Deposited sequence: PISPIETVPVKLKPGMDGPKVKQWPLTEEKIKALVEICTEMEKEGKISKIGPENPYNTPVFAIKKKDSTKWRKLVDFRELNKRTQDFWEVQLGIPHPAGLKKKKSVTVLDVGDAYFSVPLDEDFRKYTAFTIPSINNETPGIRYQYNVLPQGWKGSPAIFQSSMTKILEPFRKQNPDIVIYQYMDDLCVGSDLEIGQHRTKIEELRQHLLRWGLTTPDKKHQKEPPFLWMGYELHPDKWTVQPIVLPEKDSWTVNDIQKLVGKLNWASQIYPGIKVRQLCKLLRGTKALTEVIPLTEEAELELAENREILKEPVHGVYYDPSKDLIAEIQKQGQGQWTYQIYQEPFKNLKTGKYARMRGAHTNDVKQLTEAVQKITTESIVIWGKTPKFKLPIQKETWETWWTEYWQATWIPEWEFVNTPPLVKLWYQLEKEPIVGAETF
């Protein structure tokens, strides 16, 4: 049977344009769609339907077989609510998390025949030589927020057995994914997962405890030049927005006179206590920062260069919930966009793992550069939100400072 889904009051269906796709990509999608059509999952549609959601194809880390991925971000945002499961604050504590793709379990359930129109999507033709192939869903779509919802009971229903077989293991569900964490060592872990699948199948490596949100560390030297100090002052001065106890008075005094940027200045004991006092303030995360569930989660990223990137997740400015550094993966050496999207997938998963919802990203890339090639390296079932920005020269100089082993 089907349940009556609807749109948030006074909202209309998505009418988002299908961006152009590669041939390789189109061939697969056509291939993939004739099948689901056959299997009755989707049905071609008419011109009297004007809604549309973008689609594309991806190789979910392990393929040759392409996976169909839809961007229901608009639909999701326009779809009524159902007021998922409350976040197991304990998941982020597990020694190791493993993710499972279970969108496959949705086609089973039929979609309200009155909400289907809104799930319309289009397969483009190269050189517009053919009118796009217009389809729509007859079953539950993967990537839509209504799916994991409607399929909740059925889902919860099948996991109890496993849940009751291991209770030292947490099962978290987000969209199409399933986040499974436990403390069993590796072998006893992945054997407990394949074991989990088997069960999961007769129907249809993360380590959170290492995520040491690290500190800021100021440079230490034998002798400091006028320039050395100026740079430090700048950084500290900025950092004073976070730790008001930080002071550069005594240092900004050593900076009296028009001396050579390269000349060396001796640190007064005062400027020394002062510095030493700042080193202390930066020693621990600022007090009072608490996550608000009725507020959006933000993820701002910076390109430090040389394969390096840093990020901060907050809700209120300078009140970071977590900080990190991302280093490119073997292979992405000459691809800024690949490095970036891999970065974003990681952060969004960490975010999900800790707060169970995606953050809205602030990206150091031009909309054009991003939109053109992101899908090329995306591997997640979900798609977070983003906006493109210009990195303030200081924010980068400051975070480039964070500590390393």
Compared with the full deposited sequence, the modelled chain skips 1 to 5, 89 to 92, 214 to 232, 434 to 440
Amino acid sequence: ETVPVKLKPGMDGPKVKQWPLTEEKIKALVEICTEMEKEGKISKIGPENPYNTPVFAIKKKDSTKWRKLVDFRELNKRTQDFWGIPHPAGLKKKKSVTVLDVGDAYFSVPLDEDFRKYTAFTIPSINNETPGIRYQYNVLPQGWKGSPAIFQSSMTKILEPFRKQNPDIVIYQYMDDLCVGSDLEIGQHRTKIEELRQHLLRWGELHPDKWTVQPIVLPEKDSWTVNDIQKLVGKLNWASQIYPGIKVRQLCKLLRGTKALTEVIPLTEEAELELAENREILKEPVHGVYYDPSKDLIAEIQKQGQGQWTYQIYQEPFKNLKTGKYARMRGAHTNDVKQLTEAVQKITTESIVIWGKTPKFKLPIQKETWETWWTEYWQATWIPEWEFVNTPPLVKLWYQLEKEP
From here on, numbers count along this sequence of modelled residues.
Comparing 379 to 387 with 5 to 13, which stretch shows the greater average C-alpha B-factor in the deposited entry? 5 to 13
Averaging the C-alpha temperature factors as deposited, the higher value of 243 to 251 versus 230 to 238 falls on 243 to 251
Which is it among 80, 302, 225, 258: the one with the largest CA B-factor in the entry? 80
Looking only at 122, 76, 308, 108, the Cα with the top B-factor belongs to 108
Residue 266, C-alpha B-factor rank within chain (lowest, middle or highest third): highest
Quick tally, chain-level thirds of C-alpha B-factors: residue 178 sits in the middle
Looking at the entry's B-factor column for C-alpha atoms only, identify whether residue 314 ranks in the lowest, middle or highest third of its chain. lowest
Place residue 205 in the lowest, middle or highest third of its chain's C-alpha B-factors, as listed in the PDB entry. highest
Classify residue 52 as lowest, middle or highest third according to the C-alpha B-factor given in the PDB entry, relative to its own chain. lowest
